[PDB]
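Side-chain atoms are counted along with the backbone in the values below, which use heavy atoms only and exclude waters and symmetry mates. Here, residue 1 is the first one in the sequence, and each next residue gets the next number.
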Amino acid sequence: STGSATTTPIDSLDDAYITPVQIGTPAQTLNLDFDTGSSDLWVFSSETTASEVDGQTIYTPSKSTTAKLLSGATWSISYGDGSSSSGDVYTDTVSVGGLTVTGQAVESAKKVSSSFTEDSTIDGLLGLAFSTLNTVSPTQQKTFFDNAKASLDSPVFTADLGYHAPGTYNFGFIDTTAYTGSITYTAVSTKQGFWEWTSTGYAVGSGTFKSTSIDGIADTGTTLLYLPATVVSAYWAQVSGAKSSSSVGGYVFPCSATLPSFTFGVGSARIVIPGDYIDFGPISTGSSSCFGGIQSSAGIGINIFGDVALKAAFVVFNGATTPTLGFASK
Ligand SMILES: CNCc1ccc(C(=O)NC)o1
């Protein structure tokens, strides 16, 4: 089997991407944030505290003839941005882009933190990291990908995120029309439950490539690119008037600037992030200070190849017995 679904930016900055997901019978379609940095499929629901719902589409398990309470199961998750959610669990039929899993754990939110309530565009998350990170207790549950894997033509999914444009998530096949040149594959460690890999280095604009190992995670659920402070300082030093602002919480730059590109290594290959991808717009409406898309990972404890980096590539999440990542230009 295969599936193919379009993923669409939630706003003009590509702050996140939403993908429609069919849950239950008859189908209830929710727009979920596909997150390769977490392993829970959770939704706004008929159980969510009413004051914490503001415009989201909700899953109502009592309206699904295939929904079954997973008796005794709870979940509770805290993300790297300080957001959180928790609740109970149903199993139900979940389809993405024509690919159907029966008996998928659908984690129904009873509580969500303010950032989720305040974002009317995201109806929940679909985790695509390794199932070892799933929070359901006392019986840990599998991701949608892990449950689909055996049925797929090839045990893979791909992320093809757009810059200010829709893109695609494919499951079970590699669309050889969606990228240029060849795919370069690189080793993955699953020891922390992430798609963790080691970049071979970086360049700033037209500068020389610096060969240096950068361990990090391919994370579709993180907006920006978070890298070691040395690398980030070297990038922003090439932008007149850029500075790290403790009050704003990262590097800012004059909105009048033209940003240089950023290149990262994948083995002997190179992925170029155009400068425009690194512009996240005014810090507040009408400000001439703009927020940078490359930020320090210092304090986070891990480097994160988020959407800024991933949207410059066609990315293969290879879930073979030994997982690997693939990157192609496009
Ligand atoms: C786990 N991937 C999605 C997500 C939630 C919060 C964050 C984050 O803070 N990244 C820096 O990422």
Side-chain angles (χ1 to χ4, degrees), residues 9-16 35 37 78-83 113-115 118-119 161 163-164 192 194 196-242 244-265 270-313:
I10 65 163
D11 64 21
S12 64
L13 298 178
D14 301 344
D15 286 312
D35 181 12
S78 292
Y79 298 103
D81 64 0
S83 70
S113 65
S114 55
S115 70
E118 288 162 2
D119 182 5
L161 301 180
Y163 168 67
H164 295 354
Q192 298 192 86
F194 298 124
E196 187 171 4
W197 66 287
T198 303
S199 171
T200 51
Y202 69 97
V204 175
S206 57
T208 60
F209 185 86
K210 173 75 164 178
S211 291
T212 187
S213 292
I214 307 171
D215 288 351
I217 66 170
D219 183 0
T220 57
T222 290
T223 312
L224 306 186
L225 174 53
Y226 293 86
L227 290 173
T230 49
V231 176
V232 174
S233 182
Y235 178 77
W236 288 107
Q238 296 304 312
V239 178
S240 293
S244 182
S245 171
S246 57
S247 59
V248 174
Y251 280 89
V252 295
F253 69 92
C255 296
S256 61
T258 301
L259 298 176
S261 66
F262 186 89
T263 299
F264 62 94
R270 305 290 178 254
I271 300 295
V272 179
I273 305 171
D276 287 353
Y277 291 27
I278 300 162
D279 181 359
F280 279 77
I283 60 170
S284 302
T285 309
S287 180
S288 73
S289 293
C290 274
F291 197 68
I294 296 179
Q295 295 297 344
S296 181
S297 66
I300 305 174
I302 200 154
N303 302 309
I304 309 171
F305 295 87
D307 300 332
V308 161
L310 303 182
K311 79 180 68 180

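Applying the side chain to side chain contact (heavy atoms under 4.5 Å, CB included) test to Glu118 and every residue at least two apart in sequence or in another chain returns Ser114. With sequence neighbours excluded, the residues forming a side chain to side chain contact (heavy atoms under 4.5 Å, CB included) with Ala234 are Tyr202, listed by chain and number. Taking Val248 as the reference, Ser245, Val252, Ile283, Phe291 meet the side chain to side chain contact (heavy atoms under 4.5 Å, CB included) condition, with sequence neighbours excluded. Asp35 meets the side chain to side chain contact (heavy atoms under 4.5 Å, CB included) test with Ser38, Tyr79, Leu125, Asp219; sequence neighbours excluded.
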Should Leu227 and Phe305 be marked as a side-chain contact (heavy atoms from CB on, under 4.5 Å) after you check the CA-CA gap, both sets of side-chain angles, and the distance that decides it? CA-CA 8 Å; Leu227 290 173; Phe305 295 87; 4.1 Å; yes
Test side-chain contact (heavy atoms from CB on, under 4.5 Å) on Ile302 and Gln192; report intermediate values, then the result. CA-CA 11 Å; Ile302 200 154; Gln192 298 192 86; 3.6 Å; yes
Applying ring-ring contact (aromatic ring centres under 6.0 Å, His included) to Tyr235 and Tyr251, what does each step give before you reach the verdict? CA-CA 10 Å; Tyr235 178 77; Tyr251 280 89; 8.9 Å; no
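If you take CG on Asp215 and CH2 on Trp197, they are separated by 10.0 Å, rounding to the nearest 0.5 Å. Here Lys210 contributes atom NZ and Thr200 contributes atom OG1; the two are 13.0 Å apart, rounded to the nearest 0.5 Å. With rounding to the nearest 0.5 Å, the separation of OG1 in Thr212 from CD1 in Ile214 is 5.5 Å. For the atom pair OG (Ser211) and CZ (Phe209), the distance works out to 5.0 Å, reported to the nearest 0.5 Å. Taken from CG in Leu161 to CG in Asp14, the straight-line distance is 8.5 Å, to the nearest 0.5 Å.
Residues in residues 296-308 take part in these side-chain hydrogen bond (donor to acceptor under 3.5 Å, both in side chains) pairs, two or more places apart or across chains: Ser297-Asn303. The side-chain hydrogen bond (donor to acceptor under 3.5 Å, both in side chains) analysis of residues 270-292, with sequence neighbours excluded, yields no pairs.
Looking at every heavy atom in both residues, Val272 comes nearest to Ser261 through CG1-CB, 4.0 Å. Counting all heavy atoms, side chain and backbone alike, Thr208 lies closest to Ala203 at O-CB, 3.9 Å. Pairing each heavy atom of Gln295 with each of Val232, the nearest pair is O-CG2, 3.4 Å. Listed here is the closest heavy atom pair of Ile278 and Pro260: CD1-O, 3.8 Å.
For the side chain to side chain contact (heavy atoms under 4.5 Å, CB included) criterion with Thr222, the lone passing option out of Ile304, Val308, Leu310 is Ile304.
Side-chain atoms of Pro254 and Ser240, non-hydrogen and from C-beta on, never get closer than 4.5 Å to each other. Two residues are said to be in side-chain contact when any heavy atoms from C-beta on lie closer than 4.5 Å; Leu259 and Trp236 meet this criterion.
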